[PDB]
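I have placed the structure first, in the form of structure tokens, so that the comments after it can refer back to it.
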Amino acid sequence: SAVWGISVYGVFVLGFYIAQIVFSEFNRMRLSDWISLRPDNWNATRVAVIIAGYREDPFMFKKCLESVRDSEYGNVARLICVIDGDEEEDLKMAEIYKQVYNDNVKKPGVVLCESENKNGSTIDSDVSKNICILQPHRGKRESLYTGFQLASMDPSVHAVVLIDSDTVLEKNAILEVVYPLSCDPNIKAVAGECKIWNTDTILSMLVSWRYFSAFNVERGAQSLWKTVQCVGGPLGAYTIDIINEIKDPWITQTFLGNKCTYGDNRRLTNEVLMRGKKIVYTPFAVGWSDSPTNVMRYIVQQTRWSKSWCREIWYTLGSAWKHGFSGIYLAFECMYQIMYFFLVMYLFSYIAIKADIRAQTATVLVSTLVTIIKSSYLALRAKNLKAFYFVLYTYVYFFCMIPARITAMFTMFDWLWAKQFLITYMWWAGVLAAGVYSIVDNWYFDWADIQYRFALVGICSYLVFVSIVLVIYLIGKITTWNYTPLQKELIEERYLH
Amino acid sequence: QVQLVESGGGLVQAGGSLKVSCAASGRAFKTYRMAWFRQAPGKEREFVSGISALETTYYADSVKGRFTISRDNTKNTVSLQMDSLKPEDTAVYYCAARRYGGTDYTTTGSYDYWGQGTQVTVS
Amino acid sequence: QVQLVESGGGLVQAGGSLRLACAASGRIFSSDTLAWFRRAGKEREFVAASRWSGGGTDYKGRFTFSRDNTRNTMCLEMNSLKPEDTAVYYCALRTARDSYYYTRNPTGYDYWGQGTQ
Ligand SMILES: CCCCCCCCCCCCCCCCCC(=O)OC[C@H](COP(=O)(O)OCCN)OC(=O)CCCCCCCCCCCCCCCCC
Ligand SMILES: CC(C)CCC[C@@H](C)[C@H]1CC[C@H]2[C@@H]3CC=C4C[C@@H](OC(=O)CCC(=O)O)CC[C@]4(C)[C@H]3CC[C@]12C
Ligand SMILES: CC(=O)N[C@@H]1[C@@H](O)[C@H](O)[C@@H](CO)O[C@H]1O
């Protein structure tokens with residue numbers, strides 16, 4: 001029962017984590033070996049940059065345009081900017097674009113996705129000059145298709161780069177994200193690493209470290225196995241042939257996601273994968289994007305992402321049960337996540353019901369130990385001392401993800417805030433009631449027993465460590481040490497207006 | 001606030017086994033430390049055996065390999081198994097209970113609860 | 001937004017070397033194309049150009065292009081002289097906002113700088 005569950009948890013989690021670490025290390029070594037053999041000033045591959053956005057801050061859009069203009073790639077054909085809207089408010093983005101780039105702004109009255117002639121020559125005539133499109137407001141997916149059509153009409157290009165309207169790119173991000181495409185002809189898509197620039201909130205730093213760890217281990221293992229699922233925004237690469245082949249199936253699929261938002265980059269990668277085309281991911285290409293600072297917004301978008309995750313894990317299992325020897329790694333990750341969630345729920349229920357101080361201290365101690373080991377590994381890999389803040393991610397995970405997944409599975413099982421936040425409130429109330437019952441049931445003091453002394457010492461040490469971490473974070477905020485160097489200059493530039 | 005009562009004892013031959021059980025009435029017996037004491041006719045009570053809420057067993061003066069103490073939370077009672085009794089062990093036994101305490105667990109003043117006690121004799 | 005100011009020159013016999021430096025004050029986004037021209041009685045002719053990020057084109061093997069890339073100061077020294085290379089050199093800038101293609105036409109260079117020699 002409990003012994004079997006804890007043993008299975010330990011062995012399976014340790015094996016899976018070791019596998020991810022070794023796979024990420026091997027992928028990094030292989031990528032470094034591939035990069036070390038390339039010649040200097042390599043610009044053989046011709047690529048085009050496509051930018052899509054809607055209701056984007058003009059400052060962030062201007063910074064993204066400047067970062068695109070700061071790229072050192074010497075084989076850039078053109079820049080495609082598509083705005084999902086043709087209203088008076090949407091003209092601010094076009095005006096901002098005219099300040100950073102040419103004034104070649106077009107306002108077609110039709111949408112290529114809903115027109116008989118889907119070719120890009122209907123709305124474009126010259127490919128030498130950069131073009132800006134102000135289409136009627138339809139959605140993010142429609143904007144991507146127009147960019148693909150505009151890039152497809154030029155036979156000179158060989159690949160495309162997809163970034164968000166708020167993405168900040170390094171001077172070598174474009175070259176690094178398109179270099180591995182020519183290394184292996186079987187590679188048709190490359191994923192780019194994404195970082196969070198703003199870290200002025202306790203939630204923002206935690207989600208930034210979570211994203212960094214995700215890109216480091218899961219995407220690294222997927223890159224090593226050449227079966228990457230996380231491909232798309234805010235930084236990615238795609239070859240012209242695969243997008244030309246799969247543009248129609250991607251846009252003809254029924255969409256039930258966010259209205260005029262959340263362009264389906266998941267199903268595009270699924271379409272690439274189901275055709276037997278290998279996909280790799282690189283961490284050298286670095287992209288910068290913002291993160292929400294509201295816990296409620298975080299919870300609701302996690303619920304939406306959990307629903308997505310369900311549909312796309314079914315889809316990717318169906319698509320990856322074709323590779324034969326390979327393709328089972330995604331299914332293994334799926335079962336790993338499902339069993340991890342199930343065992344966390346079972347362990348929490350067991351701890352709530354049995355209410356014994358002996359086992360709870362051991363469980364919290366081993367959880368703290370493994371979290372500290374993970375944080376130390378993250379700090380060693382990132383060469384940054386700020387990665388130790390990941391120990392606080394367990395609290396936000398337990399308090400936000402579990403209600404989000406519960407709501408996601410309840411929605412798809414067999415009043416706007418009732419279906420979004422009532423489940424979280426009930427979960428919090430249940431956790432509080434379980435804690436109160438545990439404290440009341442075990443309310444006693446006995447210093448003549450070593451086991452009680454050991455449990456009390458462990459609890460006191462855990463609380464002391466948590467308080468020390470919180471104090472370190474608080475003093476770091478005042479000294480502005482935790483602030484990203486990119487964030488500081490962005491804040492100064494915003495202050496200068 | 002728990003009331004301790006005793007039920008057991010009697011006249012037993014030397015070298016035999018005798019069983020004594022104690023019953024307590026309260027709200028939550030699972031969180032009370034339990035202990036046993038004996039009153040010799042000419043001496044003062046000494047700690048012989050005690051069990052805490054975490055099933056920790058304490059023995060002294062050859063009780064480690066002679067007597068066994070256990071408690072049953074379902075029945076809300078505690079019993080002390082005694083094997084191979086000796087003539088000099090004849091004394092009346094009182095049980096003690098405690099909820100809050102420190103390192104001291106042998107003195108009579110450490111425990112704030114006591115029972116009427118049962119008389120055990122060895123022939 | 002940007003202004004180009006040159007430096008160096010003078011009358012030098014065919015035996016010697018000269019160094020011309022073009023400086024800018026502003027942001028060039030590290031993507032604009034920088035070119036050089038020799039003559040202002042004939043039309044301006046191409047000399048040398050290279051992107052700020054990297055690369056370089058001639059028409060040479062005699063004149064090389066160097067960039068500090070830190071102080072926004074350029075340099076282009078000449079090895080050996082000929083009787084027909086004496087002219088008013090100009091510093092040229094091409095804006096990449098309109099297009100990313102590299103053109104040898106001086107007309108596409110909207111930004112111009114004053115000459116010294
Ligand atoms: C000698 C070395 C000392 C080292 C440091 C120890 C720190 C604590 C020291 C406690 C000492 C208690 C000594 C008893 C006499 C104290 C004075 C007195 O007269 O107190 C009487 C009072 C009676 O009990 P009561 O009134 O219910 O207590 C609540 C107070 N209003 O008694 C009390 O007030 C006793 C209260 C004890 C409460 C202990 C249990 C608290 C909860 C612990 C939970 C641990 C498990 C958590 C597991 C994880 C859960 C998520
Ligand atoms: C004013 C007083 C009377 C109230 C005191 C409230 C707390 C003492 C209780 C309430 C609920 C309990 C929490 C419920 C759940 C968890 C998660 C647990 O971490 C994991 O499960 C990690 C799992 C993994 O990923 O391996 C750490 C303990 C903790 C925070 C518990 C700590 C103690 C809590 C905060
Ligand atoms: C912009 C982007 O890539 N968003 C994806 C989202 O589509 C996906 O549902 C989620 C699952 O982990 O991961 C995010 O990174």
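Heavy-atom basis, side chains included; hydrogens, waters and symmetry copies ignored. Chain A is the first sequence line, chain B the second, and so forth, proteins listed ahead of strands; every chain is numbered from 1. Order of listing sets the numbers, starting from 1, for every ligand and every atom in it.
In this structure, atom 1 (C) of ligand 1 has its sub-4.0 angstrom surroundings free of protein heavy atoms. Protein heavy atoms are absent from the 4.0 Å sphere centred on atom 7 (C) of ligand 1. Within 4.0 Å of atom 24 (O) of ligand 1, at least one protein heavy atom is present. Distance screen at 4.0 Å: atom 46 (C) of ligand 1 has a protein heavy-atom neighbour inside the cut-off. Within 4.0 Å of atom 15 (C) of ligand 1, not a single protein heavy atom is present. By the definition of a contact as any protein heavy atom under 4.0 Å away, atom 50 (C) of ligand 1 is in contact.
Ring centers of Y105(B) and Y111(B): at least 6.0 Å apart, outside the cut-off. The aromatic ring centres of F445(A) and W447(A) sit less than 6.0 Å apart.
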Which N/O atoms of ligand 2 sit under 3.5 Å from a protein N/O, and at what distances?
unit_1, atom_1, unit_2, atom_2, d
ligand 2, 25 (O), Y340(A), OH, 2.7
ligand 2, 26 (O), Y9(A), OH, 3.3

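Of the candidates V168(A), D166(A), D290(A), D290(A) is the only one forming a side-chain contact (heavy atoms from CB on, under 4.5 Å) with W197(A).
Side-chain polar atoms of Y238(A) and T269(A) form a donor-acceptor pair below 3.5 angstrom. When only modelled atom types and interatomic distance are considered, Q229(A) and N270(A) share a side-chain donor-acceptor pair under 3.5 Å.
Within the 3.5 Å criterion, the main-chain N or O of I313(A) finds no donor-acceptor partner in the side chain of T316(A). Judged by distance alone, with hydrogens and angles left aside, the side-chain atoms of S375(A) form no donor-acceptor pair with the main-chain N or O of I372(A) at under 3.5 Å. Distance alone, capped at 3.5 Å, is enough to place a donor-acceptor pair between the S67(A) side chain and the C64(A) backbone. A donor-acceptor pair under 3.5 Å is absent between the side-chain atoms of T31(B) and the main chain of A28(B), judged by distance alone. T56(B) places no side-chain N or O within donor-acceptor distance of the main-chain N or O of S52(B), the cut-off being under 3.5 Å.
Comparing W447(A), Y437(A), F445(A), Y452(A) by heavy-atom distance to atom 43 (C) of ligand 1, the nearest is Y452(A). With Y444(A), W443(A), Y462(A), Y100(B) as candidates, the residue nearest to atom 35 (C) of ligand 1 on a non-hydrogen basis is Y100(B).
What you find for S204(A) and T201(A) is that their closest heavy atoms are OG-O, 2.6 Å.
If you look at ligand 3, the protein residues with a non-hydrogen atom under 4.0 Å away are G233(A), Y262(A), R266(A), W305(A).
Ring orientation note: the planes of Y452(A) and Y444(A) are tilted relative to one another, at an angle of 30° to 60°.
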Would you list the atom pairs, donor with acceptor, under 3.5 Å between side chains in residues 356-367 of chain A and any protein atom, with sequence neighbours excluded?
unit_1, atom_1, unit_2, atom_2, d
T361(A), OG1, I357(A), O, 3.0
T363(A), OG1, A359(A), O, 3.2
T363(A), OG1, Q360(A), O, 2.6
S367(A), OG, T363(A), O, 2.9

Using a 3.5 Å cut-off and no angle test, enumerate the donor-acceptor pairs between side-chain atoms of residues 387-398 of chain A and protein atoms at least two apart in sequence or in another chain.
unit_1, atom_1, unit_2, atom_2, d
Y389(A), OH, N482(A), OD1, 3.3
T394(A), OG1, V391(A), O, 3.2
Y395(A), OH, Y462(A), OH, 2.5

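Between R141(A) and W250(A) the shortest side-chain heavy-atom distance falls below 4.5 Å.
With respect to atom 44 (C) of ligand 1, the closest heavy atom belonging to the protein is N442(A) O, 4.1 Å. For atom 48 (C) of ligand 1, the closest non-hydrogen atom of the protein is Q360(A) OE1, 3.8 Å.
Contact atoms of ligand 1 toward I357(A): 46 (C) (distance under 4.0 Å to a heavy atom of the residue). Close contacts of ligand 1 with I439(A), meaning ligand atoms under 4.0 Å from a residue heavy atom, involve 50 (C).
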